[PDB]
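Quick note, the sequences are listed as chains F and S, same order. Numbering of the first sequence is given in this note's numbering, commencing with residue 35 and proceeding in unit increments. Numbering of the second sequence is given in this note's numbering, commencing with residue 93 and proceeding in unit increments.
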Amino acid sequence: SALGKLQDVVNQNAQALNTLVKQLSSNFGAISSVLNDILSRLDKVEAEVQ
Amino acid sequence: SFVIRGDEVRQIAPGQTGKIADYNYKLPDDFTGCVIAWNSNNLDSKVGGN
């Protein structure tokens, strides 16, 4: 209960980096979250828009 | 300037693929300009084939 102040600073920085890494799996409305899987399955101008 | 059949005129644009685009005449992805076309059957066809 006392050392929770220092542990929370560790937990907040770990949760922030986990959130930043998990956001690589998001689409944002693109066809895919995987960047090679866009390029290997679309023509140049279409892949560029995704 | 060139002649091609009326179908293949659709390959004459930036970002297209197909043998006229890819093996004959490729426009840049950053092209600035106008593509102008017309049917020339009366000039460019001949009986027995041109």
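For every residue, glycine included, the Cβ atom is placed at its ideal position computed from N, Cα and C.
Report the three-state DSSP secondary structure of residue 59 of chain F (helix, strand or coil).
Residue mapping note: residue 59 of chain F aligns to position 25 of the first sequence, counting from 1. Helix, per DSSP.
Suppose you measure from the CA of residue 127 of chain S to the CA of residue 47 of chain F; what does that come to, to the nearest Å?
Position 35 of the second sequence holds residue 127 of chain S. Position 13 of the first sequence holds residue 47 of chain F. Near 56 Å, if we compare the C-alpha coordinates of residue 47 of chain F and residue 127 of chain S.
If you draw a straight line from the alpha carbon of residue 41 of chain F to that of residue 51 of chain F, how long is it in whole angstroms?
Taking the first residue of the first sequence as position 1, residue 41 of chain F is located at position 7. Taking the first residue of the first sequence as position 1, residue 51 of chain F is located at position 17. Their Cα atoms are separated by approximately 16 Å.
If residue 81 of chain F sits next to residue 73 of chain F, beta carbons under 8 Å apart, how far is it from one beta carbon to the other, in whole angstroms?
As a working note, residue 81 of chain F is residue 47 in the first sequence. As a working note, residue 73 of chain F is residue 39 in the first sequence. The pair is a contact, with the Cβ atoms about 5 Å apart (cut-off 8 Å).
Residue interval of the alpha helix (DSSP H) (run including residue 72 of chain F):
For this step, residue 72 of chain F is matched to residue 38 along the first sequence. Start and end: 69-73.
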